[PDB]
Every structure is written in C-alpha cells, then in structure tokens.
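Here the structure is laid out as structure tokens; the discussion comes afterwards.
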Amino acid sequence: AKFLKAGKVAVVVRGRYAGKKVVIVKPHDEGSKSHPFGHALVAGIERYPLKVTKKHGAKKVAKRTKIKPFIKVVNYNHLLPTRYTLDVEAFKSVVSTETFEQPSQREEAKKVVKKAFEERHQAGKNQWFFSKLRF
Amino acid sequence: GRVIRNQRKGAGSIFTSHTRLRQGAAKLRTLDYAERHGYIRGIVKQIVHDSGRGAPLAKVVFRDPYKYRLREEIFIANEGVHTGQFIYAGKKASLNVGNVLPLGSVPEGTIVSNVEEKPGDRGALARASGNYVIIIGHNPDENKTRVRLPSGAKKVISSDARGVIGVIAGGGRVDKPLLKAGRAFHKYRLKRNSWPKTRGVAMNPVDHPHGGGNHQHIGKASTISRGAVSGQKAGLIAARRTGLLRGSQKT
Amino acid sequence: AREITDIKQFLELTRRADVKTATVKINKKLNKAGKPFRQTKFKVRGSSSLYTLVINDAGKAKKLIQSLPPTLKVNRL
Amino acid sequence: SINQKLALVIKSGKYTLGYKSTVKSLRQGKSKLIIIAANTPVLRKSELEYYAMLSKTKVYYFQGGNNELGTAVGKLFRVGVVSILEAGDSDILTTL
Amino acid sequence: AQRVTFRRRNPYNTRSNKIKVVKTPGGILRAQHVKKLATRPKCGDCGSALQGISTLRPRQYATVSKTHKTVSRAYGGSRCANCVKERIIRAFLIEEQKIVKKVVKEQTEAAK
Amino acid sequence: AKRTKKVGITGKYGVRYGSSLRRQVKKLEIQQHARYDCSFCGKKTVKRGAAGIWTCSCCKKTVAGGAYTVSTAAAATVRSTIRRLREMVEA
RNA sequence: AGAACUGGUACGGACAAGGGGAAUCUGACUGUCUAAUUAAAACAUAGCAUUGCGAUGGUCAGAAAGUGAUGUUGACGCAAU
RNA sequence: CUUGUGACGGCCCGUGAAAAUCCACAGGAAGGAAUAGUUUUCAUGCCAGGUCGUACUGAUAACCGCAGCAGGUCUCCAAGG
RNA sequence: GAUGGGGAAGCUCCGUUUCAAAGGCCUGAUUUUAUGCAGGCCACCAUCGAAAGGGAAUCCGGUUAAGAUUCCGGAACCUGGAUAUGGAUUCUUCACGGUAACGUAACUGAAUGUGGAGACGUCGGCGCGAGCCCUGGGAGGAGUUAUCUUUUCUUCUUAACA
Ligand SMILES: [Mg+2]
Ligand SMILES: [Mg+2]
Ligand SMILES: [Mg+2]
Ligand SMILES: [Mg+2]
Ligand SMILES: [Mg+2]
Ligand SMILES: [Mg+2]
Ligand SMILES: [Mg+2]
Ligand SMILES: [Mg+2]
Ligand SMILES: [Mg+2]
Ligand SMILES: [Mg+2]
Ligand SMILES: [Mg+2]
Ligand SMILES: [Mg+2]
Ligand SMILES: [Mg+2]
Ligand SMILES: [Mg+2]
Ligand SMILES: [Mg+2]
Ligand SMILES: [Mg+2]
Ligand SMILES: [Mg+2]
Ligand SMILES: [Mg+2]
Ligand SMILES: [Mg+2]
Ligand SMILES: [Mg+2]
Ligand SMILES: [Mg+2]
Ligand SMILES: [Mg+2]
Ligand SMILES: [Mg+2]
Ligand SMILES: [Mg+2]
Ligand SMILES: [Mg+2]
Ligand SMILES: [Mg+2]
Ligand SMILES: [Mg+2]
Ligand SMILES: [Mg+2]
Ligand SMILES: [Mg+2]
Ligand SMILES: [Zn+2]
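Protein chains in written order, with the entry's author numbering: chain LZ, 2 to 136; chain LA, 2 to 252; chain Lk, 2 to 78; chain Lc, 9 to 104; chain Lg, 2 to 113; chain Lp, 2 to 92.
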C-alpha cells in the first residue's frame with residue numbers, strides 16, 4: 002500500500018533545505034503540468050528550536066523557541082518518508098497549489114504554519130520532528 | 002692502512018637513510034585505557050605507498066576519547082584491508098582481519114603481524130611485506146605466549162603485547178628479477194647509499210683486508226671470528242658453517 | 002574603466018560630490034557601409050574609477066551637455 | 009533452486025530491474041517482493057529494507073552478486089535488485 | 002619576428018617565471034608573466050572538484066564576496082552534493098537502526 | 002595478426018637479459034597488468050596503482066593486496082584460517 | 001602512384017651522407033675510472049651463493065655523555081663477503 | 001614552429017617536498033527590531049604604505065685562467081629558402 | 001644551531017623536544033585609574049637556512065648623454081586603518097528563487113573540529129588557445145622598368161584592469 006499520505010513526516014535529502022524535517026500536506030502522485038513528476042507540498046522548519054534548560058528565564062526561553070518554517074514543492078525522489086507522523090489540520094487549507102505562484106500567500110501561509118509549529122512545540126508533541134537531524 | 006668502507010658507515014655522513022618522501026613512522030596506536038579494557042573503532046581512509054618500503058601503509062582515523070579531536074594513525078596495511086573498512090582495536094575486539102587483538106585473547110594457529118615485543122612499544126616484529134607470525138600456545142599463569150617469527154625462530158613474549166590480524170600486504174615482491182642496474186639504482190635511491198658494492202678483492206690492500214696481490218684472491222681464511230675488532234670484520238662473521246646447503250637445516 | 006548605460010545614473014553620478022572633472026570625446030563612426038554618424042563619449046573621472054557613457058544620438062548628446070552641472074569642469078576633445 | 013522460479017516470473021509475470029525502478033515501484037505500492045544481490049551496497053540494502061517495511065513488502069536476499077542475479081533473471085548485464093510487480097504464473101509469492 | 006626578453010631579474014624558466022608573449026598598442030612584442038593557474042577546490046568526501054565555487058589562488062579568496070566561495074546548501078563550499086545526500090541517508094538509517102537495536106535489546110533482557 | 006611466438010609482453014627487452022629471466026618476468030607482468038573483478042562493484046575495473054595497492058576505476062575503492070596480483074595464495078589460506086578460528090571461538 | 005616528351009646517360013648533380021664478409025680470444029649487454037701518457041680483457045651491474053642478527057640485537061661511530069648511523073628500520077629487513 | 005592548457009594513455013620492488021598563508025563548512029556562545037535597529041564577505045567615500053639593490057659587461061677585451069690568453073663559465077627569445 | 005640538561009681539566013662536545021615549574025589570546029569588569037583583580041582559552045614549545053622552491057597587489061605611451069614595470073601622463077590593483085552615506089534585512093528578528101544540479105548586490109556567528117587550496121614525476125599521441133610563419137582583397141609609401149611583371153619590399157597595432 003502507498004504510504005506517502007497527507008500526514009507523513011519526511012526528510013529532504015536534496016536542495017536548500019537538505020536534512021530538514023518536513024510534513025507532507027498535499028501529495029500529487031501523477032505529477033502535474035507544472036511538475037511532470039511525483040511531487041508533494043511539504044511544510045518544514047528551517048531554523049530548529051534551540052535547547053532550553055531551567056536556567057533561562059522568561060525571555061531566553063522565548064528567544065530560543067523561535068521557529069522558522071518553509072513551504073515548498075519537492076519531488077518524491079528528494080524525500081525520505083519516515084515511520085513517524087504529524088497530523089496537519091490547522092494549516093492544510095492554506096497550503097495548496099495556488100498558495101504558491103505569488104509571494105504573498107506564501108508568506109502569510111508561512112506565518113500560519115509557524116504558529117501551528119510553535120504551538121505544538123510548546124506542548125510535548127513530536128519531539129523527534131522538532132529535534133535537529135545531526136550529520 | 003686506510004679506514005675500510007664498512008667502518009666508514011658508522012659516522013653517518015652520506016650513509017643515512019633518505020627520508021623525504023616517507024609518510025611517517027608506521028607505529029600502532031598507543032596502548033591506553035580503552036584498548037586494555039575494551040575495544041575502539043577506526044576507519045581506513047587512505048592506502049598509500051611508502052617510499053623505500055615494499056608494504057603499503059594504512060591510514061586509519063580514530064577518535065580521541067578525552068578531547069573532541071580526530072587522532073589519525075598510520076598502520077601497515079594487511080592483505081585484505083580496504084578503504085572505508087571499520088577497524089577494531091582493543092582487548093574485547095572481534096577476531097577479524099585488520100583488528101589489533103592482544104596476543105593473550107587470541108586462539109592458537111592465528112596469523113598476526115606487526116607484533117610488539119614488549120607491550121606498548123607500538124609494533125616491532127614481522128613488519129615487512131608478505132611476512133607474518135604464528136601463535137603456538139599460551140601460558141595462562143604468569144601470562145605469556147609463544148610465537149613463531151618469520152626467521153623461523155621461536156620466541157616467547159608477553160600475552161599483553163598486541164599484533165594486528167592478517168598478513169602484511171605486498172607479498173611475493175622479491176620474486177620478480179630486477180634485470181637492470183637501473184632498477185636496483187632506483188630501489189636503493191630511496192633507502193640509503195649502499196649500492197653499487199665494490200668487491201673487496203678488487204681493492205688495493207690499503208683499502209680492504211682482501212685487497213692486493215698479482216691475482217684476485219683472499220689469501221687468508223674468509224671466516225672472521227666475532228672476537229675480531231672493527232676493520233677485521235670483512236667477510237663471513239662468526240660463520241658456524243659455510244658452503245652450499247645440502248640437506249635439511251635441522252633447526 | 003566602467004561603462005554606464007543609464008542616463009539617470011550618469012546625471013546622478015555627476016553629483017557624487019567627489020568628481021571634479023569630465024571630458025567629452027567626439028568620434029566619427031560608421032553604422033554600416035553607407036552612413037557615417039558622430040559618436041560622443043561622456044567620461045567622468047571618479048575618485049576610484051573612470052565612468053564612460055556613450056551616446057549615439059546627436060540630439061541626446063546636446064540635451065545632455067546642456068544638462069551637466071555648471072560646477073563641473075568639462076573638457077572638449 | 010530459486011532461479012527457475014525467477015525465470016518463470018520473467019517469462020510469465022512482470023518485474024522491474026534496477027534500484028531507481030524498484031524504489032519507484034515500491035513507493036507506489038505495486039511491488040510484491042524484492043530481491044537483493046549479495047554485494048549490494050549495504051546502505052542501499054538498508055534503505056531498501058526500510059522502504060519495504062514502510063510498504064509492508066516481503067524481502068528476500070539473493071545468494072549471489074550482481075552478475076549472478078542478472079543471469080538469474082536472464083539478462084546479459086548485472087542487476088543489483090529486482091522487484092516483483094505480478095507473479096503471472098509463478099509461486100515465489102506464496103513460498104519463501 | 003621580434004624576440005622578447007624576461008621583464009624581471011629571474012632568467013631561469015621556472016614555474017614562477019612563465020611568460021606569455023603579447024602584442025602591445027605600441028606595436029612591439031613584449032613578454033608578460035602569467036601567474037600560476039588556479040586549482041579547483043575539491044570535496045572532502047568524494048574527492049572530486051565540487052562545483053559552483055570560484056577558483057583562485059588561496060590568498061585571492063580573501064577579496065571576493067561570500068557568494069563566490071559557497072553554495073546555499075548545508076556543507077556548501079565543503080562537500081559534494083551527492084556526498085551530502087548519502088551522508089544524510091546514512092545518518093537517518095543508522096539512527097533508526099539504533100532505536101531498533103535498543104528495543105530488541107530491552108525486549109531480550111526483559112524476556113529473561 | 003600474431004606478432005610474436007613466445008615473448009609476448011617482454012618483446013620490449015629485445016635480445017638481452019637472458020631467456021629464462023625474460024620468461025618469469027613475462028609470467029609476472031601478465032598478472033601485474035591484468036584487470037581484476039571488483040569484489041564490491043562486481044566489474045572488470047580493478048587495476049594496480051603501486052606495489053600492493055589495487056584500486057577500482059569505478060566505485061573508487063582501493064584494496065591492499067599482493068605486489069603483483071590482487072591476492073596471493075598465502076592470503077587466501079590466512080583468511081580461511083581466520084574464518085575457521087572465528088566460527089570455532091564464537092561457538 | 002602512373003604515363004608520355006626532353007638532354008653530350010645527366011639527374012640523393014653543391015651540401016649532406018654505413019664499406020662489407022668468413023672466423024678465433026675475451027667481456028654477457030647499457031654503464032664507470034687512472035683531470036695532465038694506459039678506456040681495457042679492469043670496475044660496476046642484474047642473476048647465483050654464503051654468513052651474522054629477534055632490538056637487553058648484528059654491523060659501525062665517539063674521548064665522554066641522560067651520545068650516535070643503519071632506524072620514519074624488524075628477516076620478502078638490515079649488515080658482511 | 002615555439003609555448004600554454006585539457007582530457008587521456010604508458011612506466012615503476014622509483015607512485016615522484018614541506019612550511020608559511022588564505023578560505024569554507026560543522027558548531028550554536030553571544031548579541032540582536034518596530035517609531036526603530038541590526039548589519040561593513042554589497043556599492044561609493046578618506047589616509048598611509050617603511051628599509052636596501054636598480055648604471056654597465058656577462059666574454060676570441062669588463063669573470064677565472066699572472067694577460068686585452070683560440071681554454072673554462074648557468075639560463076631566456078629563435079625569420080625565409 | 002642556541003636554551004633546559006648531560007660530558008669534558010679545558011678550548012668546547014652531545015642533543016633540538018630532549019628526565020623543564022619552558023606562555024600569550026580574546027572577551028569583557030573598574031570607570032580613585034590605570035590596568036590588577038572577575039573569567040575562559042590554549043599546549044607548538046628559540047632561531048637560522050632559497051635574489052631559480054612557496055609568495056598579496058601594475059599596465060600602456062613618452063622622456064635621458066647615460067635611469068626606468070622605479071621618472072612623466074593616463075588608467076588599475078593589494079594590504080593595513082578609520083569611518084559616513086546609499087543599498088540590503090527585521091514586527092515570522094539574523095533574505096529569497098529553483099523539483100534538482102544551483103543563482104543573486106548584500107543576505108549575524110565566539111570557543112572548538114573537519115576539509116580545501118598552497119602541493120608537485122616522466123614520456124607518447126590527440127584537441128583547444130596565444131604568438132610567429134604563409135597568403136587574398138583594399139588604403140598609403142618606396143624599388144625595377146632596353147623588355148616583362150594587376151609586379152618586389154614595407155605600415156594597417158590595441159596592454160594591465162572591469
Ligand atoms: Mg653509492
Ligand atoms: Mg687495482
Ligand atoms: Mg691491511
Ligand atoms: Mg688482496
Ligand atoms: Mg621564487
Ligand atoms: Mg555559487
Ligand atoms: Mg560563480
Ligand atoms: Mg689519462
Ligand atoms: Mg686515454
Ligand atoms: Mg670484474
Ligand atoms: Mg646498532
Ligand atoms: Mg622549451
Ligand atoms: Mg601518467
Ligand atoms: Mg637599472
Ligand atoms: Mg639597468
Ligand atoms: Mg645590460
Ligand atoms: Mg651572455
Ligand atoms: Mg651575450
Ligand atoms: Mg682577469
Ligand atoms: Mg650544538
Ligand atoms: Mg628565514
Ligand atoms: Mg624565495
Ligand atoms: Mg615544489
Ligand atoms: Mg598585473
Ligand atoms: Mg639601460
Ligand atoms: Mg605614476
Ligand atoms: Mg535579495
Ligand atoms: Mg591539499
Ligand atoms: Mg579591447
Ligand atoms: Zn568498485
């Protein structure tokens with residue numbers, strides 16, 4: 002059974018965001034006119050949150066938990082699907098094929114996905130997704 | 002008379018070895034806590050030819066357990082080692098080719114090379130191409146091992162000395178005839194100034210004990226006692242026997 | 002040593018507060034086998050580099066020399 | 009042996025040859041079984057088991073290298089991995 | 002058929018003293034010394050000439066902007082792109098195998 | 002066509018150095034210059050770089066081996082002995 | 001590459017440019033030396049053979065040393081014939 | 001023709017320097033904005049760059065051979081037939 | 001080839017990291033005030049040794065009785081140092097685009113570690129470049145011309161740097 006679904010977490014192996022965790026929001030198996038190849042609409046994080054200890058108080062925590070997300074079209078050949086998962090509901094609407102093709106909705110979609118990511122990271126959800134892949 | 006050639010080497014004026022192109026002293030990893038209590042892992046990076054040496058070098062990279070650095074070691078490559086191969090050194094290492102098990106923890110009949118004569122001296126025995134050592138047996142009490150050197154001599158060494166598993170690569174080197182004074186010239190050009198060699202009998206008597214005479218002949222006996230002094234030791238020193246070897250060595 | 006192709010950039014560059022002199026060179030060129038035209042070159046000696054502006058139109062050349070600041074030393078050659 | 013089953017797969021069923029083709033097929037969920045040559049790059053091997061486990065696909069390891077696997081499927085070149093898209097008339101899927 | 006001479010005081014045809022005969026607006030032939038050719042940077046893993054990077058003599062790199070000396074990927078000016086891909090793959094797979102090994106080990110110890 | 006009867010590769014040494022020496026030099030140079038299988042990539046792309054260094058043009062792997070061949074008989078015997086000792090000591 | 005025609009049979013027209021063969025002694029060969037009388041059949045050489053040595057060692061140096069060469073070496077090595 | 005350079009191939013029991021120096025990456029210590037900052041690997045702008053050699057010959061006359069000696073003395077460029 | 005050391009009656013000898021208590025590096029704190037305390041860091045451990053090895057950065061034209069890549073004129077570059085403006089970026093604080101190889105005017109980054117360049121044999125052939133040689137047309141000048149010769153010779157060039 003096919004596994005690249007609308008909630009899988011993958012790792013980009015090629016491109017500017019190589020080694021960055023991404024979550025698939027909208028798959029496209031049989032390519033498209035603009036992309037004649039199996040591609041997806043993943044959303045990821047560019048600047049992973051920093052480590053936080055007890056010592057930091059009330060502002061270094063805030064500064065060290067900043068998240069920089071990104072949205073991109075990526076070929077399936079440039080992803081490693083994982084056995085992990087992370088559901089996407091709050092920002093599956095904003096990420097779409099016409100979300101791209103002009104800069105604005107890209108940036109206010111990045112804002113929404115940033116909010117969703119930081120909200121989940123504030124709670125104890127998906128530590129592996131927010132943990133930096135060291136290599 | 003004049004100081005003969007063999008005396009003249011000790012001064013080391015032009016008789017020192019030519020060491021420009023050598024990649025470094027081929028020594029084992031220093032014996033530390035990790036090796037004598039466990040095992041450590043390494044990666045083979047380069048297999049390099051050593052100038053003036055028949056065997057190739059193995060350049061293995063290790064991790065410093067105490068500081069964040071990348072200690073790099075130079076081994077003598079055993080036949081069968083490849084780049085990117087993981088190398089395990091230590092007491093609890095698995096008995097695999099290229100591993101550096103101490104002679105105490107290795108069963109009889111094993112083949113090892115680059116063997117230490119004392120623990121921690123980083124490899125003395127069997128360091129030439131195609132050479133190896135047989136482990137004959139152990140003495141568990143007062144830990145001690147008996148091994149066979151390439152010379153055929155049997156030697157008893159400590160069980161905590163180390164030695165890499167396998168045979169030194171480059172065997173069969175001396176099989177091909179050189180055919181050319183040029184080949185020997187280039188061979189010795191990177192070892193030391195010891196070629197060509199002039200026959201002592203073709204020398205004037207001031208130059209060598211054999212020199213002189215209306216015919217090229219040694220004159221006296223050529224077997225020289227070990228009690229002779231420098232300048233007399235020219236020929237067969239302390240020869241137990243001489244002549245063609247007909248029969249078994251009976252060693 | 003650096004060529005400039007923007008007239009607005011050139012006129013702005015004439016007011017860089019460091020340039021003291023400039024020269025105007027007139028050349029006779031051939032667009033093709035039949036028609037010779039007059040080439041004009043505007044060279045402004047900057048502090049670190051020489052900026053050359055080339056104009057192939059006589060009318061634009063006249064309007065531009067008319068539009069140079071009076072405080073700039075111009076050389077005709 | 010097993011090479012006779014492979015040959016009957018080739019003459020009857022459908023298959024793919026090569027790492028890119030097999031990973032593409034396994035990504036789409038069309039692959040029923042994969043065969044890995046003995047000396048396949050172990051990293052490539054490992055990503056292959058990971059992909060198969062993600063896709064719930066049986067895995068078998070050929071007792072031979074690229075040349076032996078290539079001759080097994082009846083091709084004059086060397087094959088590192090083969091994917092089984094449909095048995096056709098064979099029995100490999102049921103056994104092993 | 003003019004014949005040129007070295008423009009400096011080193012008369013020996015050495016590597017640092019290579020010349021290229023060139024013609025000047027004065028109409029004469031004058032020899033000009035050319036600097037030693039730049040060697041392309043190489044990857045740390047695959048050993049091949051990694052692309053996208055300007056090739057200059059080592060000191061001359063201090064003069065150019067950051068763009069010419071890097072690529073916009075992790076390990077930009079250091080490692081081959083395929084090297085980066087394969088090392089990312091290796092890292093992921095070995096870490097997942099580490100979780101697999103630890104769960105197997107805790108299972109087997111819990112069994113006994 | 003066939004250019005030589007017996008000298009083969011050692012025709013470059015002409016009429017000198019003696020017949021027998023040229024004979025075993027031929028016997029060794031044939032092994033030295035031959036192409037060998039890649040134990041990793043499975044191709045006829047392994048060549049000798051220097052004495053004892055055997056590397057593969059494709060797959061960029063280098064293996065320490067014999068000075069004149071990829072592996073000598075003594076190496077094979079040693080490897081078999083090591084395998085025997087491993088499977089004897091682990092079980 | 002070929003064919004006619006032509007000249008006091010000339011024509012690689014100056015320059016440039018191997019004499020050859022039948023044998024014997026001796027050294028296998030390339031190479032090196034008696035600058036300024038001897039270039040050889042002398043020396044070296046590859047090959048062959050012998051000897052010593054497992055490092056607290058063999059060979060050699062220094063007056064001595066908390067000293068050295070072989071040795072960034074380990075018998076497929078080093079050293080002496 | 002000379003020379004530079006690229007991809008190659010042949011050869012080795014020969015695989016054919018080191019250091020100064022410059023850069024990149026990994027790393028995330030530290031510092032950072034909204035009525036205002038952060039930035040000098042982007043552009044433009046300002047100042048300084050010390051000390052010693054610098055002529056000529058380089059050879060049948062400038063060097064050594066007692067000398068204005070047919071000797072010796074490292075190297076670069078090389079037209080036409 | 002000094003030093004620590006060790007020999008030698010001694011002139012001196014060995015040895016160059018050796019049985020050594022072998023140091024400077026950045027940030028800041030204090031603004032009696034200059035710099036000690038606040039820290040942290042780090043472990044080679046003198047020096048000399050190439051006018052052909054490595055090496056930051058310049059070319060063209062002209063000028064003298066004799067100097068020039070050095071002088072004059074013009075046009076650049078490097079290093080070191082201060083700095084101001086413009087540009088860039090930020091309310092998602094430390095940029096974006098491309099599936100990708102990767103692109104741009106920029107587009108924080110200490111300790112520490114890794115890598116690259118420096119950095120490399122010889123020969124044979126092939127491709128490519130530059131200069132030279134050959135040659136056509138044309139625009140000038142010179143030579144031969146009893147006879148022939150759209151003829152013989154000669155000038156038509158473009159540096160570093162962007
Ligand atoms: Mg000699
Ligand atoms: Mg004599
Ligand atoms: Mg005597
Ligand atoms: Mg005698
Ligand atoms: Mg120089
Ligand atoms: Mg780039
Ligand atoms: Mg570029
Ligand atoms: Mg003489
Ligand atoms: Mg003579
Ligand atoms: Mg003789
Ligand atoms: Mg000794
Ligand atoms: Mg030449
Ligand atoms: Mg070559
Ligand atoms: Mg001068
Ligand atoms: Mg002068
Ligand atoms: Mg002169
Ligand atoms: Mg001269
Ligand atoms: Mg001269
Ligand atoms: Mg004189
Ligand atoms: Mg001294
Ligand atoms: Mg110096
Ligand atoms: Mg120099
Ligand atoms: Mg060099
Ligand atoms: Mg220049
Ligand atoms: Mg002059
Ligand atoms: Mg000037
Ligand atoms: Mg931008
Ligand atoms: Mg390098
Ligand atoms: Mg031009
Ligand atoms: Zn291979």
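Think of the CB as a built atom: it goes at the ideal place given N, C-alpha and C, for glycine as much as any other residue.
When the options are compared against residue i, the one with the closest alpha-carbon
i, options, result
"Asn79 (chain LA)", "LA:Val207, LA:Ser18 and LA:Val49", "LA:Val49"
"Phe136 (chain LZ)", "Lg:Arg60, Lg:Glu87 and Lg:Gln61", "Lg:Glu87"
"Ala2 (chain LZ)", "Lc:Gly82, Lc:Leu77 and Lc:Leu34", "Lc:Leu34"
"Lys92 (chain LA)", "LA:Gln86, LA:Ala129 and LA:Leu32", "LA:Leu32"
"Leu51 (chain LZ)", "LZ:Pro28, LZ:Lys93, LZ:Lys111 and LZ:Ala63", "LZ:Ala63"
"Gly16 (chain LZ)", "LZ:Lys133, LZ:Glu108, LZ:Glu120 and LZ:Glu47", "LZ:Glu47"
"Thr71 (chain Lg)", "Lg:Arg60, Lg:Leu51 and Lg:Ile89", "Lg:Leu51"
"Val74 (chain LZ)", "LZ:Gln123, LZ:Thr83, LZ:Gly20 and LZ:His29", "LZ:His29"
"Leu69 (chain Lk)", "Lk:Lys21, Lk:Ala2 and Lk:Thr6", "Lk:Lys21"
"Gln33 (chain Lp)", "Lp:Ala74, Lp:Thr70 and Lp:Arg84", "Lp:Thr70"
"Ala62 (chain Lk)", "Lk:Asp19, Lk:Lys33 and Lk:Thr24", "Lk:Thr24"
"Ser160 (chain LA)", "LA:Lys119, LA:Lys68, LA:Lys192 and LA:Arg70", "LA:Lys119"
Beta-carbon proximity of residue i to residue j, cut-off 8 Å
i, j, result
"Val26 (chain LZ)", "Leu80 (chain LZ)", "no"
"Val168 (chain LA)", "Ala76 (chain Lp)", "yes"
"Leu86 (chain Lp)", "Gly228 (chain LA)", "no"
"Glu4 (chain Lk)", "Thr53 (chain Lk)", "yes"
"residue 255 (chain LA)", "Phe63 (chain LA)", "This structure leaves residue 255 (chain LA) out entirely; chain LA is present only between 2 and 252."
"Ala68 (chain Lp)", "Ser130 (chain LA)", "yes"
"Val207 (chain LA)", "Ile219 (chain LA)", "no"
"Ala45 (chain Lc)", "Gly88 (chain Lc)", "yes"
"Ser91 (chain Lc)", "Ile42 (chain Lc)", "yes"
DSSP beta-bridge partners of residue i
i, result
"residue 1 (chain Lp)", "The shown model of chain Lp, from 2 to 92, leaves out residue 1 (chain Lp), and the question about it has no answer."
"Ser91 (chain Lc)", "Lc:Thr24 and Lc:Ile42"
"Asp38 (chain Lp)", "Lp:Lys45"
"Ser114 (chain LA)", "LA:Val165"
"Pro103 (chain LA)", "LA:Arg163"
"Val72 (chain Lg)", "Per DSSP, none; premise fails for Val72 (chain Lg)."
Mind checking the segment 44 to 68 of chain Lc against chain Lg and listing, in chain order, the residues whose C-beta falls within less than 7 Å of any C-beta there? When CB distances to chain Lg are screened at a threshold of 7 Å, the residues of the segment 44 to 68 of chain Lc falling below it are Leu51, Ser54, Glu55 and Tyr58, in chain order.
Could you list the residues in the segment 98 to 109 of chain Lg with a C-beta less than 8 Å from some C-beta on chain Lc, going in chain order? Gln98
What residues in the segment 71 to 88 of chain Lc have a beta carbon less than 8 Å from any beta carbon of chain Lp? Of all residues in the segment 71 to 88 of chain Lc, only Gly73, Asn74, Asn75 and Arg86 come within less than 8 Å of chain Lp when Cβ atoms are compared, listed by chain position.
Enumerate, from N- to C-terminal direction, the unbroken beta strand (DSSP E) stretches of 3 or more residues contained entirely within the segment 43 to 117 of chain LZ. 44 to 48, 69 to 72 and 80 to 86
Where are the beta strand (DSSP E) runs, 3 residues long or more, that stay fully inside the segment 116 to 148 of chain LA, in chain order? 134 to 140
When you check each C-beta in the segment 73 to 105 of chain LZ against every C-beta of chain Lc, which residues fall closer than 9 Å? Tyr77, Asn78, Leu81, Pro82, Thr83 and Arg84
Residues within the segment 138 to 168 of chain LA neighbouring chain Lp, beta-carbon criterion of under 8 Å: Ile166, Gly167 and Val168
By the 7 Å beta-carbon criterion, what residues does the segment 50 to 73 of chain Lp contribute toward chain LA? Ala51, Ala52, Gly53, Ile54, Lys62, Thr63, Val64, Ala65, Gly66, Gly67, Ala68, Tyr69, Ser72 and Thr73
Members of the segment 84 to 99 of chain Lg near chain Lc, C-beta cut-off 9 Å: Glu87, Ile90, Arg91, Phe93, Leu94, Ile95, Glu97 and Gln98
At what residue ranges does the segment 14 to 58 of chain Lk contain a whole run of the beta strand (DSSP E), taking only runs of 3 or more? 22 to 31, 37 to 46 and 51 to 56
What residue ranges within the segment 27 to 99 of chain LA form continuous beta strand (DSSP E) runs of no fewer than 3 residues, ordered along the chain? 40 to 50, 57 to 62, 73 to 77 and 87 to 91
Can you pull out the residues from the segment 16 to 50 of chain LZ whose beta carbon lies closer than 8 Å to at least one beta carbon of chain Lg? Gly16, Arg17, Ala19 and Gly20
Could you tell me which whole alpha helix (DSSP H) segments of length 4 or greater appear in the segment 177 to 202 of chain LA? 182 to 189
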